[PDB]
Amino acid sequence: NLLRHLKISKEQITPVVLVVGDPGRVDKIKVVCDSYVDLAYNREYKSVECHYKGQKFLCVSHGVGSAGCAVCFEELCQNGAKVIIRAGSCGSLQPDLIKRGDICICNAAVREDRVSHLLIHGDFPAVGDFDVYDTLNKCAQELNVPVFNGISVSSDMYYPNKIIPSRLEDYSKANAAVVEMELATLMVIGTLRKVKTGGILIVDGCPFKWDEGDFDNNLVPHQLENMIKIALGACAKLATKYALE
């Protein structure tokens, strides 16, 4: 009957799903929609059916971190999701360019997790569906919201120690735009499961300058509003695209 961790049935899963880390953000999103229906809330996983621009799609929280989000993503992908967009927060790895409150839309990720490696060899790319990427970009443009594009570092380590150096500076040099914790895992599971994925992120600080105070847990309100509008617009567009085809 009910999925094991989402506690919703196969029949409640829609072709398009918006995922977010923070079950709090699901509440912020659902009020922006035309209407919504709360489906379930188990553990970190809160599921709401959204109605927006004539379309029906779930918004589901995935929790912090790749192993816990993989549980969510597998239950979605194995039970009928066709398109999953992650809308999340991130740190800037290009502090001269990308600042707090800026928005980045990402087409690929660094697999600095474990779960993707337990599913497929490390040489395999974490890459999004490029039409989902294009839809996110197009929606930002339609909405007159400037955005960055680039690779996300998805790292399982949020707090580094002083023993093993963090790879973040290496990846900055390699031109990764941003760092968060879940996108690579989504992308790999999606590819493996024939599910189209993408990622849009809001910057909350720069991990190179956390000792300087370059962090705020409270996201820039109008920029957060803009990201949700872009993410919802893209989900509705991909839902109408899916429904036609």
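Numbers follow the displayed sequence, beginning with 1. Definition used throughout: the rigid core is the maximal C-alpha set that superposes within 1.5 Å between two forms.
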Core fit done; bigger CA RMS in 4 other deposited structures of this protein for 23-31 or for 179-187?
23-31
Looking at the other compared entries that model both neighbours, is residue 66 missing coordinates in at least a third of them?
no
Answer yes if residue 49 is missing coordinates in at least a third of the other compared entries, and no if every one of them models it.
no
Once you work out the mean C-alpha B-factor for both 137-145 and 170-178 from the entry, which is higher?
137-145
According to the deposited model, is the average Cα temperature factor higher in 160-168 or in 115-123?
160-168
Peak C-alpha temperature factor (PDB record), options 188, 220, 195, 70
220
Residue, from 202, 64, 31, 183, that the PDB entry assigns the highest Cα B-factor:
31
